[PDB]
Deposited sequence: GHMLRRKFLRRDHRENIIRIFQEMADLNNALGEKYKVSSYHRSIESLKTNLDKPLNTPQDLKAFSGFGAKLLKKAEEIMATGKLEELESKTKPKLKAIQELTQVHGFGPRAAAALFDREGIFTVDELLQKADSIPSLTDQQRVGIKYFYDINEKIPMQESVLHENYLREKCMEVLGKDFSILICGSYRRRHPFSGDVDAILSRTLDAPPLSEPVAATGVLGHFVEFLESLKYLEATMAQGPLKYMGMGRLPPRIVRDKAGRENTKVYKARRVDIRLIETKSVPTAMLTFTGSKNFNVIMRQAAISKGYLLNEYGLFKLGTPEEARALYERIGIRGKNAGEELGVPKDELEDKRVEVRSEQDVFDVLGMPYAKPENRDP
């Protein structure tokens, strides 16, 4: 009933969380369409509403049929459409083990021992199925330090191209120097088993940022929001890049006056906090560290599904 939040999932993020008011009391054409269409990667409430309003599309299947004829679709949208059916299949844990092994092996080959790959997401939380593959790529603790952001070396792009040349990565939804989102497909195993294409995210992370990145990219999402609210309540900013002690709420505002000023982020470029934000860093070497500073009991990854 109050599961009519799938409805509010048309953007009302805070109204959604709320159902998850009395009530004691206890749809629409384009709304159900929008509900359907926002299943497709690249289509949020507004893009979906636009498909309904300007294209007369009620259904994903109609969108698949009509996609090539609609010039206004982004490349990201066309990939989401092409792979829609594969994207809706859950990945069994045993297959994620193979993605992990594969990614680790190819990382060693093209990048060498200075680099490391870790799979996070619902997989690290030991769910029997996952929606996608969330990888973190980072330099090891023993790798010699760089004089620039690792993202500036173009290494994510190089890794992506290597994987493409192997026909593992076969379609790109979006790619910058920090984050790659696309479709990856394991090579056939020989009866020959052909694999479906899976959603693969790769995040390039600085070595000192790995513990907080592992927290973030392991999630779950609700878990992240909870831990971040605990941080706020103690005068900290927690993100994938670090734990930053900002102080009182007005000291935080002051800081953001210099460093944030954006609808972008608190003050990082290429995954490296600006110097004034970096001065706020509380160094951590483990997930446990973060829990400790925030006064929360450690939770194993499989217990981060609140």
Residues of the deposited chain that carry no C-alpha coordinates are 1-21, 42-69, 76-90, 255-262
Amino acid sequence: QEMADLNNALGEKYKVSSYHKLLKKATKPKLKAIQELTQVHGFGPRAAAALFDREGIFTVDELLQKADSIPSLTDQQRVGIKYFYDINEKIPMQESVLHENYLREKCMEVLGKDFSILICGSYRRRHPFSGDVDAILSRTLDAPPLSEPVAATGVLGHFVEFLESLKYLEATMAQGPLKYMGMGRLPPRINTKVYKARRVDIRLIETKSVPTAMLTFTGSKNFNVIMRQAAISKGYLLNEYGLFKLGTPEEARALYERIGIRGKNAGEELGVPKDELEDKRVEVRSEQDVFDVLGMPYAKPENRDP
From here on, numbers count along this sequence of modelled residues.
Of 63-71 vs 259-267, the stretch with the larger average CA B-factor in the entry is 259-267
Looking only at C-alpha temperature factors in the entry, 166-174 or 138-146, the higher average sits in 138-146
The largest CA temperature factor among 43, 244, 58, 241 is found at 58
The largest CA temperature factor among 106, 125, 78, 90 is found at 90
Entry-reported C-alpha B-factor of residue 229 relative to its chain, by third, is middle
For residue 98, the third of its chain by CA B-factor is the middle
Residue 208: CA B-factor among chain residues, third -> lowest
Chain-relative C-alpha B factor for residue 22 (record values, thirds): the highest
For residue 118, the third of its chain by CA B-factor is the middle
